Each structure stands twice: as C-alpha cells, then as structure tokens.
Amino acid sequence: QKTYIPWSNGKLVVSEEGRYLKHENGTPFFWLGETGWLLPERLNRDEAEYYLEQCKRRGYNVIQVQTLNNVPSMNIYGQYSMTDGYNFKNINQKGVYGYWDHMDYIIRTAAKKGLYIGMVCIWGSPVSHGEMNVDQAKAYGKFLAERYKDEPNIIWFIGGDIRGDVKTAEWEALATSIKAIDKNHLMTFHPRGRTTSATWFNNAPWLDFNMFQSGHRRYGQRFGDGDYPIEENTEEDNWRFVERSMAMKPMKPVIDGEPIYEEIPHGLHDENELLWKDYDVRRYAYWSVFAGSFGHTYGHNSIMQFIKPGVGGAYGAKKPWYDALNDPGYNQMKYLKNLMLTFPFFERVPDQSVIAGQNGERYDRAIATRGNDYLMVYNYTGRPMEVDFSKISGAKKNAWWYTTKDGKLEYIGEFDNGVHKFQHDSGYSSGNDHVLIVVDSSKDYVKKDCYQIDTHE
C-alpha cells in the first residue's frame, strides 16, 4: 500500500486560531516527534533507513536531529561537516560521499517514508563555547537554506538546549539568514531545560511556534541553591510551560520538544537514580497536549544517542538503540496521535472548568481539553473526578474510557448535561492512565460498538 505523505496536503502552516499546525489544504498535522539527535553523526545508510522505517511504523512524523553537534561534526564514515571552516563554496566534492551528502540521504529517505526531519542546525554547546560567531552563523544559515529550501520535509530548530539570552545575536543571525532564503519551512527554537522559547522569542518574526524542554528532573530535584527558572516542586508539571507560553500574546502554538526520555535517570546526573518509565512518558505527553500543545515529541535514552555495543551511553544507557525500538513508551505514542486525530481538531482548547469539584495535586491533577461537541479528561492516577458535561453541546452525551497504553476503547453509556462522577475500574495510581471521552450524542466521531481507536495515518 502507498505511504502517507503529509506534504501532499501542502506545506505546514500555523492555523488561524494560533494553536495548531495544519497543511495548506486545511488538513490537521498532529506532530508526533521522535528524538534521533545523533542520527546524522552515528548511523550509516542502512541503519538510518531502518531507524526511519521503524519510527514510521509507529506513527512518528517528525524526527528531531542534531544537524551538527560540534564544530566540525564527524559522521560514521569519518567525514567532516566542514572542510574549510565556514566557507561552504567547495563543500561538495565529485566522487566523494561527504557529511552533507549523507544528511541529504537521511532527509530524502525520511521523505519517502512521509517523515519530516526536525533540523537543529547546530546544538547549543559549540555555540555557547564560541565556535559560531555572527558572521559564521550567517554563512551557515545561507548554506542550509540554499541546500534544503526545496526539500519538502524540513522543520528548522534554532538553538538546541540553550537559553535564548545566550548568544542571542548569533541565533538571530542564523534564523534570519535561513528565513531570508527559505520561505518553505516552519521554524522554532529548542531551549534550555525547564525553559520555553516563548520567554525570549514569542514575538520573533522568524519563530512560527514555541518549544519547551520539560525534561528531565523529578519534583524537587535540585543540585544547588542558585537561580532556578521554575517554581520549586513543579518540575514534572509540564502543563505549566504550556500555559505560560500560550499566555504570551500574540499567541503562537507550543510543544514539548524534549520531555523526559524513556529509561533516562531522574535528573541525568546520577546513573543509578530511578529511570523514567513508560507511564511517566505517557503522563508528560497527555499533560502537554491536554494543556494546549499542538502535538508532542517523545524521546528515549538509548535511541537519541544511538547507543551501540562498544559505545557506552551517557546517563547510564546500555541497551542498543535497535533494542530500545521494542520499549513500551516508544510504542505507545501512536495511541495519542490516533486519539487527537479522531476529533474536531482546530476548535480544541484546554479547559480545566470541565473538571468540577476539587481537583487533585501533582499526579492526581486531572487535565481537560475540549472542542465544541466533545471533551476529554486525562486521569493519570484514577482518582475519582467530577466532569461537567454542560461545557459542550448536546442534550445527551455518550462517554467512553480510553486506556492510553493500548489504545483500547470501552463504552460507558449515555448521560445528561449534569455534572457526573467517574472512576475507572483499575488500580489507583498504578500507571493505568486513562482518558474519559465524552461526545455530543448527535455526533459520531466514535462508535458505541467501537472497541479501539484505529490508526490514523
């Protein structure tokens, strides 16, 4: 069967309401990102093709990569990303398969699979360490733009785990240089941990949507008493980055571009700390999206650095990337994509008023989002909750349970516009998170006899 190609619907555009991404033809684009930071540096042609195919089979449609991780960067073939500093005039050499020829291959192979490559032009580290000044940034942006403006499947990522107030002039030079030549792709900024791009670039004309990094500390995890970009004991409340970002006007879409990674240690520093699990990965995903994010990016400790036997990972990673493809979290993100694409997409808004009574704290905090004729409440712990059906249209409502770890759907019954109490038949606080789906009885986005939400290309 033919592979689904998102851009056959046209290029990506920020939707009119300023919350979501769409294709030119109005088709929704639910961003489901995978984190392949070291794809260009560590995988060969065969490995890259396999990685990309495997992500495709699991619903991912954006692959985030570090175009460059150093200056210069090296790939698996032993090729340099720069052979004459920031002079790219002679970067291409006849009869030589260079660093950028391999990048081209990665991008074109992704294209055949209907995948966008999220290009972090240059990771923050080398930049904060002075390896890219304002002139070098212009030279590099022009090179990237001229080379890739006509490739369909690109989304530009300025920054890379770095504050927007660090080497700002250099980042602005890069972003503007690319946008001056490339009018065909969207652009964002990947910020430092516990920060959002919105803080520095919400009104930047080159920034189409905002991005934050909620990974990878647990509640109350500090390694010092210095300045801290967030409030104490709110590390895992990634929905907070979403509110604060979208509160800055004019409003632009926002997404968690780097939540906690599956199997990565709480806080990164201690290889022997608890590891984030599939239930944690799902919580961050649904909390961000139900808070108002237009999609979500997932990450895995072993995959993002493409761990291989003979190369131990940072942060305690030992499992090879190709074995990590079988881990639960990585294989559950598709149920999120399938769910959001089952309902009216663009009129969706976050709305905690859908939750009546006293809502829980921390993991017990139910989170709600709704359209005009449907609503959803994500409950991570299973703590009983009261839901106000009058918040959406319809004299009668149909309700279902949706279990996020398997995408299964269970019909509950019909109700009136009162406030109703619900409690899922599962272990309390057991990582059996669920979504209460409530739909206007006149609409049929989900069937009563439907036992699972199917795959949505």
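Residue indices: 1-based, along the sequence shown.
Higher average CA B factor: 419 to 427, of the stretches 419 to 427 and 37 to 45. Between the stretches 382 to 390 and 142 to 150, it is 382 to 390 that shows the larger average CA temperature factor. In the deposited coordinates, the residue among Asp278, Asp323, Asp84, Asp182 with the greatest CA B-factor is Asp84.
Annotation for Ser353, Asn210, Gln213, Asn331: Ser353 ranks highest, by Cα B-factor. When the modelled residues of the chain are ordered by C-alpha B-factor, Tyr298 sits in the lowest third. For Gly226, the recorded CA temperature factor ranks within the highest third of the chain's modelled residues.
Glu271: CA B factor lies in the highest third for its chain, per the PDB record. In the PDB entry, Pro309 places in the lowest third of its chain by CA B-factor. When all modelled residues of the chain are sorted by CA temperature factor, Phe88 is found within the highest third.
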